[PDB]
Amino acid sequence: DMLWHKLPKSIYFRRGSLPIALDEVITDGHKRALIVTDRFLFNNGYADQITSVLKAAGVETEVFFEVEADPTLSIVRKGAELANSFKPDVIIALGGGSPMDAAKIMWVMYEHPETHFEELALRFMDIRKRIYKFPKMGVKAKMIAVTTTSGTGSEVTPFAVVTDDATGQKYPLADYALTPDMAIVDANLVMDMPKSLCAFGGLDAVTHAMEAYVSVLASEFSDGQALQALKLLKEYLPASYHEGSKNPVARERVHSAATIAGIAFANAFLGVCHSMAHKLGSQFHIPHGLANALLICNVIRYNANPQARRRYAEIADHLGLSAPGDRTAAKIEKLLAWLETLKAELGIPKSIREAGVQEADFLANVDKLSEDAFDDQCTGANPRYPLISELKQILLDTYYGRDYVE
């Protein structure tokens, strides 16, 4: 029953931290850097912010900018083959969850060209006690994650997910050997995020912290960070959304908050909100953060039925939502009211139906969604052990915009 707190060697942050952190990459003696990113970030000059600094110091650079919305095995393999040819001694992921997750798997494949993806996907889908260990990492290259959304927190986590394009099946990988060697959290890179990305990333971060706090693997080492992320998000996410680049402090606070939520869930994991959000995302092509935003309130209601209900009340107290003499039930209602108001000002629809999913389509798939969500690796940390029938009820309630009632 040993627990842990496992983070990157260095997390660097503050506006302008990117070039300063890169100077350490240089002085560490790195000579060949592969940047892994997407087309938007390349076309908008974000990768140049990395390569210009490295080139000035005589570091050879290559940029792979072909990561798309969800990392696919074909793209990961292509990136790995570029690594095989270019031979980087540092891989630098630049972007949101998609480039960061893709880069982690490219890194494994580069370190171990003998290893088939099937071996990785079937053996290392979760964190658990094992006899056979993850293949040794960081021999050919170190991994740096530069996050440009606020955010997935992938820059500090042992997690990656890749879609097998041949079948559409998503494969989660998890091992602390995939935790980046360095995370760079520079809010200059998120000043121009559109409103939808700001909202979805921010509510993803809220969900990460919320699930990490009530997880059966929560501890005194993660609780403070989960609560801090929630406080920062409560205090700055509205302004970040409304004002964007006009309020750089709010953008910076939220960028930090998403990483801090990462610190918590990297160690405490998540719950059934993520389980269900994964399946909604895959089935209906709803962005991850939106899917979480749609489900989180009903998951709280469900989990609140070391009771989770006491923990939710602790969050209410931390966020200043409760009044003296409030009972647990009332504190939870106040937590829910806060979340509902936050969702409203961030333009989140009130139901999956209002997010554009047709009723017949939903009903035809809801049983499969419920079964798959039960089976999801995220379910194991949820404080309430679910039945498939209960997850179905949550999904239906969320589709029709009803509050879950036990």
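One rule holds for the numbers: they count along the sequence shown, beginning at 1.
Missing deposited residues between residue 305 and residue 306: 10 or more, all without coordinates in the entry. Mean CA B-factor, 65-73 versus 30-38: the higher value falls on 65-73. Of the two segments, 50-58 and 347-355, the one listed with the higher mean B-factor is 347-355 (C-alpha atoms only). Residues shown: 208, 251, 129, 231. Highest C-alpha temperature factor in the entry: 129. Remark: of 311, 255, 274, 133, 133 shows the highest value [criterion: C-alpha B-factor in the PDB entry]. In the deposited entry, the Cα temperature factor of residue 104 sits in the bottom third of values across the chain's modelled residues. When all modelled residues of the chain are sorted by CA temperature factor, residue 318 is found within the lowest third. Residue 25: CA B factor in the middle third of modelled residues in this chain (values from the PDB entry). Annotation for residue 11: CA B-factor lies in the lowest third of the chain's modelled residues. Compared with the other modelled residues of the chain, the Cα B-factor recorded for residue 155 ranks in the lowest third.
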